[PDB]
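Structural features, examined
Each chain, written out:
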Amino acid sequence: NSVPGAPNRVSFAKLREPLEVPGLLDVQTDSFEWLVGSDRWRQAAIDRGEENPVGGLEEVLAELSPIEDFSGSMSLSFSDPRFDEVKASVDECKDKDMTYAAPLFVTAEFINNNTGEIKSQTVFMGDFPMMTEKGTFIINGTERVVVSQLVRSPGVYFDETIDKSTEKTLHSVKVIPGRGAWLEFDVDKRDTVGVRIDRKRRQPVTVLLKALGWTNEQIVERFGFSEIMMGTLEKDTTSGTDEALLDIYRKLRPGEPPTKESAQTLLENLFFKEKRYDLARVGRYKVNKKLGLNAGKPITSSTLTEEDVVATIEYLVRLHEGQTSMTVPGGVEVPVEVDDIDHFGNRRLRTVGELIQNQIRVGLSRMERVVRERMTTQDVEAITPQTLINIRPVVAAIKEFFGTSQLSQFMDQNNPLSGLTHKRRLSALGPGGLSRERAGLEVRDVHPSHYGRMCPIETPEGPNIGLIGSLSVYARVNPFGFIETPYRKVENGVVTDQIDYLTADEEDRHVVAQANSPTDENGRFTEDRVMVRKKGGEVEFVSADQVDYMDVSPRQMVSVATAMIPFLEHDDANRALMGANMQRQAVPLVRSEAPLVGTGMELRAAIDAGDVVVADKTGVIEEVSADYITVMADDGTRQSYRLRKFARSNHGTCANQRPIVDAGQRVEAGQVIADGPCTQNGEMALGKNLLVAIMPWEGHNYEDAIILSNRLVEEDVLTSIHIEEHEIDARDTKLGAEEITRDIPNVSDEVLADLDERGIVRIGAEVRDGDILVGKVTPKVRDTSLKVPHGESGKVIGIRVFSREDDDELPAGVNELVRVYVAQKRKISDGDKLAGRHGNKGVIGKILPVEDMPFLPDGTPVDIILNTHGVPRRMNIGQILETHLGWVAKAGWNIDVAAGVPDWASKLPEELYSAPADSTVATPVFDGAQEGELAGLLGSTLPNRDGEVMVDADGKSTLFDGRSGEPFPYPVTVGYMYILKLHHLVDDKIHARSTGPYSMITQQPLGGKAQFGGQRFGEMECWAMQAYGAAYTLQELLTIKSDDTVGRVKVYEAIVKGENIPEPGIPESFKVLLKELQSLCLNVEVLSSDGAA
Amino acid sequence: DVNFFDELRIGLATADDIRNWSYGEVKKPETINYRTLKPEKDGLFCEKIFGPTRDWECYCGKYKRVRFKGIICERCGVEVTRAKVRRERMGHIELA
Amino acid sequence: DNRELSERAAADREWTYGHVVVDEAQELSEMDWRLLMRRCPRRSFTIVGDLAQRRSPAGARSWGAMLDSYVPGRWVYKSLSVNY
Amino acid sequence: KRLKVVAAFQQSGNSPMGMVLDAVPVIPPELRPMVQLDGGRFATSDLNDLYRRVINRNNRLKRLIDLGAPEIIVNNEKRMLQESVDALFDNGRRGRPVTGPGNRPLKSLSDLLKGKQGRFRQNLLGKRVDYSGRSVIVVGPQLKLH
Ligand SMILES: [Zn+2]
């Protein structure tokens, strides 16, 4: 369990989970703790067996130092990065628009080498943004998240292709570093080995070898085993090292004069000197692993080396000849094979810590040049470490990252699940990555290496399809950035409790069995054949003694949002994807209600999302209030927790927190103390349990439209609160300052009634569309007040004000700023979208009075009607199964055991033999209720209040028509389904226009939700109009309604005057085109059918 | 008369066509007046050539209201007419 | 083009063959061997002949004199003495 | 390929003399807007600069012919006038174009109709229209087909 306050949700699961779901936010917090070199991370690393681990900032400072004068007379070094406590709390930063940050300090040592003098000094490096306990950054009071970036790891990559000109098989290899020139080798269609250096022209590969100091005797000794290498050597017009170097230099430096020193040093600076070329630690690791070099030695350098180049060449030659095994002098034997680019053995996660580290590196590079200059422009006596350093480039780089980087994104605060998934999001598109414009299907496709590491279901459906995914629930990040997943060890056909986290490259070398495989006492497989996954991404029945590993859980492959879909395996992949996506866009409701049919994942997902308030240490409640809760621990110390009340989310949804504990209650460490926006008793609640009947109904649910009972509107079952935020700032101009004031010119006395003395609308005022919010005037004075936009309305819920007289820290040219918050409560209405967890989205087409809904013989009217014709074609019968189980969850059940356990119930745990009404159940996604169990439970449901069994064993009921009153001639499937209110509400999805603002540089209308823009008329619509032959309507659309100014004023006044719309004469476009043509000395003439005119 | 807009013909314009299109020769390289933002006389924005910027407003002010149409002012050559003519009236430059 | 392998191979002088069979090879001059080696960089050759039967003036007097310029010490000699 | 042009001039009254210009038309002022910006700065289409350059060269050529300068200077000014007219019509067509302070070429008369946002392509592209709206749809089963 590991959650003291967990409600008792009985589970249908048969298999036990030998591993608990890890911290779902660890992907963010562990990476950031690595970046700042936290003590916890260091202890964890040395526990893992890492040798003297070094933090992210330490790495960059060790790379930066020592900074030295080019004369060698002085040195500057940086050490000991540490952080002071944060300036302000997270909520204070949110309130006052500050960044949540900690001062960073580094010990700087300056040395004068000519004298040998020492100076050491503590240098302030700037305020460094800090991650919150929730895995987010508060930047200018806005809560943001940094998404992990999927990128190809540096290393040596071999490839095989077909020569279209000859159909011959050609091989090639690319050495790809973190920074530096590229180095390619290839065997072409004429059986000769060549090299491309820095993407310049191709050369015989020996030209490089000679340039590196190899004589013909050495090349023959090393590569003599292959005839193509000897043919390349014997057909090369290069005598030795100097000639080869000069030939390389010519291609590398076209048009420049070649000399010995220039070429000799240039070839070294390309690949073998650190300041201009380096494989990252991961790149060195990958190269050593593939080429079998430096095995049994610590990774301590970044450059390419002579042995790497020679081994790459030999590997390419061996691969070309079809060999499978290769061992090099001083190395170890390794397989010979091409590399799949999309395999997570080659892709890696550039997480938050590394993303911040790179920008720190850039800023420190700028500061390094600053030091190089002002160290050589001052008296050696006066120079000190603090007077050599300018921190501004570093702070500017960090601010640039957190304010402009595509990977730094406003957190999706629609609901807790959306934020939790956003923190765990993996993005292949971004700086240094790929783009939506030209990313092919190859990178988008699911890969067999994704198993247990990246979710195959939860991905966007638009142009980001396949490019954005989610980390699997059991996956963690290898310190080199590779995703690794846990497996139970298996030996001699008996499973054992040792858990090993394997990367995809490691896993390909093993046989992994299916977790659901049966095992008897002490772990031996019952059956002699087992499903296993194999390196080809294949599945096979191997002998039970042929298994090396087993999956730890059936759902090892799914993400958090996918794990929350009951009966997942009964739903098609597309509809499961739709349901997972829709769960993230479900809006919070005024009252949250946990699903009757759920998974085991709701509780941990809600807890790890962090919207719920959790007690830090065991104690007893001292105080409870709508605003705060106070606890006294067994230590005797006291804690106070503050609840967010009616706070606006980034998306406008309400973030209200509520206390659940009573005064004097025992509260254990980790127990939930306050519910979040979409949680009930700690577990997530994104929707409502509705009584659903599966039938067509008078065509009002045609084509997936939904029929709702008016009860849901009356009882606010699906009501939600939304808060809008409006800004207005008083500034200054050349003609003077601007005033926020109640004394607006020429406005009626009542229109400014609700405004206060400063001119800001009072709290609690009901503001209509177009009404005043904040009065402001500016010189010319003019009316420039803030007014409620088109369609918007609500109650003024809050006011925030900033003035430079209070040191508000606003930008230049602003004297005051006012934010007005307007709260609106929206009931479910026609046109609003609803959806289940199975992708069964729909639009509410009709809301019926309670007496019109079809009702059960008990008298209960159904809440929702879903059309039959959707289920069979869309292949998501999991919604039907849930519905059945939903009823079995609302009405209790009791399996008779007097004579014995029924056969169908023989796999039920004794705790599931009976349960009372309204008892919640768990049916995990790949280990839950089977068909026979569900049918038996349907047969075993308790009767209703009056002693009547309302739903038969098949899940159907004899509904009555609420209008005519007679029963329907056949029983209808009835049950309980969990329904989500989606954020696609009608209130802002509707647009209308009849003239208005217009574009100026060209005179066509505007386009925008809040800008009163018109609809676009594309060329396809013009094609349709031409096909109709409706010439006059097309002319109206083309000229009067879009471009014409005079035509518009004339037609509007004609409509207003109630007179005939003038029939258009000479087009306005034609007259400008004619003069444009004439200006180029072209005689353009209008011709009549009878002659020139 | 768009009811007789049946064909559109294109061809080389000769110097006489260019002189027939134009209302007057642009003599000076002047822009809008830097001193007062009025058009320069004989400039690229000259009102005597391309018409008045403001409706029925004579350059020298001897005719200034709507009732007057078509009249050339004897003192500055501007035609008292609707301002839209500045979108249609063509000029020309005589090359040496 | 969808041509047969032989069609595409015989039309181009730059084509490199995987194997070269030469029978009555004693008649080939040094330049013929140079050409054949140019067209077989992989150096896979099945050379068949009998030196005593040479009629060409420029033919080989010994296999080494022809083959050592390309594969010195990396060519294998076999003989079939029995005649039936 | 040559008879194409020669016959195109044979088969019509079209005189080839139109290929050499004695006068240059000037587009109406409002087709080349010049305005003062906020703060007293000025916004102007590049066409005005090209016309100004042409007028400057023409006036200076007239002056030189009046001054009786030797043929070399006079016809060097004529060459400059030719280049100015070429820049006016099609700036980048020959060699390197006339560039503004931003080291970018000035837009010429041809660019008015040449470009992706030229006159000939304005109507083709989709455009926003007034008296229009957009909204979500639901099934009106009680409605008649019309
Ligand atoms: Zn006048």
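Thresholds applied
Residues numbered from 1 in each chain as written, not as in the entry; some residues may be left out. Chains lettered and ligands numbered in written order. Part of a larger assembly, values for the part shown. Heavy atoms only, no water. Helix = DSSP H or I, 4+ residues; strand = E, 2+ residues; numbered from the N terminus. Rg over C-alpha atoms; globule rule 2.2 N^0.38 Å. Buried < 20%, exposed > 50% of the residue type's maximum accessible area, 1.4 Å probe, protein only. Contact = heavy atoms within 4.5 Å. Areas by Shrake-Rupley, 256 points an atom, 1.4 Å probe, with all protein chains shown as cover. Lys, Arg positive; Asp, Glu negative; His and termini not counted. Charge placed at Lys NZ, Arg CZ, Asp CG, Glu CD. Axes fitted to C-alpha atoms, helices over the stretch in contact; angles between N-to-C directions. Parallel < 35°, antiparallel > 145°, perpendicular 65-115°, else oblique. Nonpolar A, V, L, I, M, F, W, Y, C, P; charged D, E, K, R; others polar. Left-handed = near helix turned anticlockwise from the far one by under 90°. Pairing = 2+ DSSP bridges. Buried area = accessible area lost by both parts, 1.4 Å probe. Salt bridge = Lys/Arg side-chain N within 4 Å of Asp/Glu carboxyl O. Polar contact = N/O pair within 3.5 Å; in protein donor to acceptor, adjacent residues only side chain to side chain. Patch = residues over 30% accessible without salt bridge, like charges linked within 9 Å, V, L, I, M, F, W, Y side chains within 5 Å. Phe/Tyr/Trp six-rings, centres within 6.5 Å; stacked < 30°, edge-to-face > 60°. Donors = N, O, S within 2.8 Å, 3.2 Å for Na, K, Ca; no water. Tetrahedral: all angles 85-135°; square planar, octahedral: opposite > 155°, others 65-115°.

As stated in the entry header, the method of structure determination is cryo-EM and the reported resolution is 3.11 Å.

Moving on, we get to the overall build of chain B. A count of helices and strands for chain B gives two helices and three strands. Along chain B, helices and strands appear, N-terminal first, in the series β-α-β-α-β. The C-alpha radius of gyration of chain B comes to 16 Å, more than 25% above the 12 Å expected for a compact globule of 96 residues. Projecting the C-alpha coordinates of chain B onto the three principal axes gives extents of approximately 45 × 40 × 20 Å. In chain B, which comprises 96 residues, the proportion classed as buried is 42%. Put simply, 47% of the contacts in chain B that link residues at least 6 apart link residues at least 24 apart. For chain B, the exposed area adds up to about 6000 Å²; of that, 45% sits on carbon and sulfur atoms. For chain B, the centre of its 20 positive side-chain charges and the centre of its 16 negative side-chain charges are spaced 9 Å apart.

Attention shifts here to the overall build of chain D. A tally of regular secondary structure across chain D gives five helices and five strands. Reading chain D from its N terminus to its C terminus gives the helix and strand order α-β-β-β-α-α-α-α-β-β. Here chain D has a C-alpha radius of gyration of 25 Å; the compact-globule value for 146 residues is 15 Å, and the former is much larger. Taking the principal axes of its C-alpha atoms as reference, chain D extends roughly 95 × 55 × 25 Å. Out of the 146 residues in chain D, the part that is buried amounts to 29%. Within the structure as shown, chain D displays about 10100 Å² of accessible surface, and the carbon and sulfur contribution to it stands at 53%. Counting 26 positive and 13 negative side-chain charges, chain D places the centres of these two groups 9 Å from one another.

Moving on: the packing of helix 8 (residues 241–252) of chain A against helix 9 (residues 260–271) of chain A. All names here are of chain A. The geometry of helix 8 relative to helix 9 is characterised by a closest axis approach of 9 Å and an angle of 75° between their N-to-C directions. By the angle class used here, helix 8 and helix 9 are roughly perpendicular. Residues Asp-242, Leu-245, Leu-246, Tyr-249 and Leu-252 of helix 8 lie in contact with helix 9, whose contacting residues are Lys-260, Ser-262, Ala-263, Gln-264, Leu-266, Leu-267 and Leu-270. Counted by class, the contact of helix 8 with helix 9 contains eight nonpolar, two polar and two charged residues.

Between two packed helices, the angle of one axis relative to the other and the distance separating the axes together describe the packing. Residues and elements named next belong to chain A. Viewed as axis vectors pointing N to C, helix 23 (residues 878–890) and helix 24 (residues 931–939) meet at an angle of 40°, and their least axial separation amounts to 9 Å. Accordingly, the angle class assigned to the pair helix 23 and helix 24 is oblique. Judged by the sense of rotation from one axis to the other, the crossing of helix 23 with helix 24 is left-handed. Only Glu-931, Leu-934, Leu-937 and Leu-938 of helix 24 make contact with helix 23, whose side of the interface consists of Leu-881, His-884, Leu-885 and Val-888. Here the contact of helix 23 with helix 24 is built from residues that sort into six nonpolar, one polar and one charged.

Once that is clear, we can look at the pairing of strand 9 (residues 155–163) of chain A. When a strand is regular, its side chains alternate between the sheet's two faces. All names here are of chain A. Pairing of strand 9 with strand 10 (residues 168–176), which is carried by nine bridges, proceeds in the antiparallel orientation. Along strand 10, the bridge assignment pairs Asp-159 with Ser-172. As consecutive antiparallel partners, strand 9 and strand 10 are separated by four residues, and within that stretch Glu-167 has a phi angle of approximately 65°, a positive value.

Before going further, it helps to examine the interface of chain A and chain D. When the parts of a complex come together, some accessible area is lost, and that lost area is often used as the size of the interface. Across the boundary between the two partners, chain A contributes 46 residues, which contact 29 residues of chain D. With both sides pooled, the region where chain A packs onto chain D buries about 3400 Å², and carbon together with sulfur makes up 62% of that total. Note that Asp1043(A) is salt-bridged to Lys127(D), the shortest N-O span being 2.9 Å. Across the chain A-chain D interface, the total number found is 13 residue pairs in polar contact. Every element with two or more residues in the side of chain A that touches chain D is listed here: strand 50 (842–848), strand 57 (991–992), strand 58 (1015–1017), helix 26 (1031–1040), helix 27 (1046–1057) and helix 28 (1068–1079) of chain A. Per-element accounting of the side of chain A that touches chain D gives the leading share, eight residues, to helix 28 of chain A. Per-class residue counts for the side of chain A that touches chain D are 20 nonpolar, 16 polar and ten charged. In this structure, strand 57 of chain A lies alongside strand 5 (residues 133–134) of chain D, joined through two bridges in antiparallel fashion.

Time to look at a positive patch on the surface. Side chains of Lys1050(A), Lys69(B), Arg82(B) and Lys84(B) sit close together on the surface and give a patch of like positive charge. Locating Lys1050(A) in the fold gives a position in helix 27. The exposure class assigned to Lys1050(A) is partly exposed, which follows from its relative accessible area of 44%.

With that out of the way, let us pick up the packing of aromatic side chains. Tallied over the entire structure, the rule returns 15 aromatic pairs over all chains. When the centroid spacing of 5.6 Å and the interplanar angle of 55° are considered together, the rings of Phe83(A) and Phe128(A) count as tilted. A residue pair is termed long-range when its members are at least 10 positions apart, and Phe83(A) in strand 3 (residues 74–83) and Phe128(A) in strand 5 (residues 117–129) qualify at 45 residues. Accessibility expressed as a relative area gives 2% for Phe128(A), which makes it buried. Aromatic pair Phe1070(A) and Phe5(B): ring centres 4.9 Å apart, planes at 70°, arrangement edge-to-face. Linking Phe1070(A) in helix 28 with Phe5(B) in the segment before strand 1 (7–9), this pair reaches from one chain into another. With relative accessibility at 37%, the residue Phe5(B) sits in the partly exposed group. Members of the aromatic cluster, joined through ring pairs, are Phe32(A), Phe137(A), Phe401(A) and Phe402(A).

The next thing to look at is the coordination of the zinc ion. Residue and element names in this part refer to chain B. Around the zinc ion, the donor atoms from the protein are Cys-58 (SG), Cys-60 (SG), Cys-73 (SG) and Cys-76 (SG), and they sit 2.2 to 2.3 Å away. Classification of the site at the zinc ion rests on its four donor atoms, whose angles at the metal span 107 to 114°, yielding the label tetrahedral. Sequence spacing among the residues donating to the zinc ion works out to C-x1-C-x12-C-x2-C. Of this pair, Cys-60 sits in the loop between helix 2 (47–50) and strand 3 (90–94) while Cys-73 sits in the loop between helix 2 and strand 3, and the two are 13 residues apart along the sequence.

Within the element layout of this structure, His991(A) appears in strand 57. The class for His991(A) is partly exposed, based on a relative accessible area of 22%. Between the alpha carbons of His991(A) and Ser1089(A) there is a distance of 45 Å; along the sequence they are 98 residues apart. When residues no more than four places from it in sequence are discounted, the contact partners of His991(A) are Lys1009(A), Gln1015(A), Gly133(D) and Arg134(D). Here the side chain of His991(A) touches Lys989(A) through a polar contact of 3.2 Å, landing on its backbone oxygen.

What follows deals with the interface of chain B and chain A. Taken together, the 17 residues of chain B in the interface contact 18 residues of chain A. For the chain B and chain A pair, buried surface summed over both sides reaches about 1700 Å², with 59% attributable to carbon and sulfur atoms. Across the chain B-chain A interface, the total number found is two salt bridges. With a shortest N-O distance of 3.0 Å, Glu1068(A) and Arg87(B) are connected by a salt bridge. Linking chain B with chain A are eight residue pairs in polar contact, by the criterion used here. Within the residue set of the side of chain B that touches chain A, elements represented by two or more residues are strand 1 and helix 1 (15–21) of chain B.

Let's shift gears to the arrangement of the chains. Of all four pairs of chains sharing an interface, the pair with the highest contact count is chains A and D. Contact between chain B and chain C is absent, and the least distance between their C-alpha atoms amounts to 48 Å. A gap remains between chain C and chain D, with no contact made and the closest C-alpha atoms lying 34 Å from each other.

Turning next to the sheet that holds strand 59 (residues 1085–1088) of chain A. Spatially, the three strands line up as an open sheet ordered 60(A)-59(A)-1(B), and their pairing is antiparallel. Sheet topology places strand 60 (1091–1092) of chain A together with strand 1 of chain B at the edges, where each strand pairs with a single neighbour. Taken together, the three bridges between strand 59 of chain A and strand 1 of chain B define a ladder with antiparallel strand orientation. From the neighbouring strand, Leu1087(A) faces strand 1 of chain B, where its bridge partner is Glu7(B).

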